[PDB]
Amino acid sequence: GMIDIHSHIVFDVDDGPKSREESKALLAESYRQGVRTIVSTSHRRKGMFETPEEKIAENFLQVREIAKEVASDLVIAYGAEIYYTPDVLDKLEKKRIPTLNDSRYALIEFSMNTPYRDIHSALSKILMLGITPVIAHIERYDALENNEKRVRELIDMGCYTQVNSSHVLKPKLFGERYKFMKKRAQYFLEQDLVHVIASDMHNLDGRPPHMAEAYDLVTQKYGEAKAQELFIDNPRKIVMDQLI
């Protein structure tokens, strides 16, 4: 029973599901693949994802009703994926934006080419609030490309890393769009710099969950024990508000 801590399943709030039907379909697929817990982390990002918090709550609650139709033992928790801009700090401290399952952990996102010093500075200011940043899809940031020294630094301040399930997969030979993130992801896993693997699922045409598959690949390359850590135990600790 996997716990997916990064998901876009709330409808009409961001670039995830546009309808209830689409939300129900996502949940169902996630369930097929063995996920029994999903943390909703819709986008909060000044400039492009500014849906009112009240509306996200409204729709999330509806999605939690829908989950019941998929399966009685599917647990939906609230949360958020937060794109760092300065305003975000007070919003977090005052609790106007959710942490993951109301725990100490917050899912934090940057741009592909955010300079390292900006990522670092931002993550410091969040730690100052007593909140623990889990860094969203570290494969994305150029700042961290092939750079363990920098990732260790962040982990050692008190951050934890998340990698997307789809970037654990192997590169295709025709029509690959994520060569660099797949290469980057594989490097972090080799260096043992990954705490969590999550789906970042948005839909069932382009951004599905690849959790079942990502799990079998990590099992083979890195061992069953590591797959369980990244896909179950560490997420378990996050959702239970305990330090990993």
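Numbering starts at 1 and runs along the sequence shown.
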Handout entry: 96 to 104 versus 71 to 79 - which carries the larger mean C-alpha B factor in the record
Key = 71 to 79
Practice task
Using only the Cα atoms and their B-factors as the entry lists them, report which of 60 to 68 and 182 to 190 averages higher.
Solution key: 60 to 68
Exercise for the section: Between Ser166, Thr161, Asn113, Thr85, let me know which has the highest C-alpha B-factor in the entry? Expected result: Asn113
Practice task
Identify, among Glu213, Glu29, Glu50, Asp200, the residue whose C-alpha carries the highest B-factor in the deposited PDB entry.
Solution key: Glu213
Problem - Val39 - which third its CA temperature factor falls in, relative to the rest of the chain - result: lowest
Completion exercise
Sorting the chain's modelled residues by C-alpha B-factor and splitting them into thirds places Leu173 in the highest
Problem - CA B-factor placement of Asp118, once the chain's modelled residues are sorted into thirds - result: highest
Completion exercise
Temperature factor at the Cα of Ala225, chain-ranked in thirds, falls in the highest
Fill in the blank from the handout: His137: CA B-factor among chain residues, third -> lowest
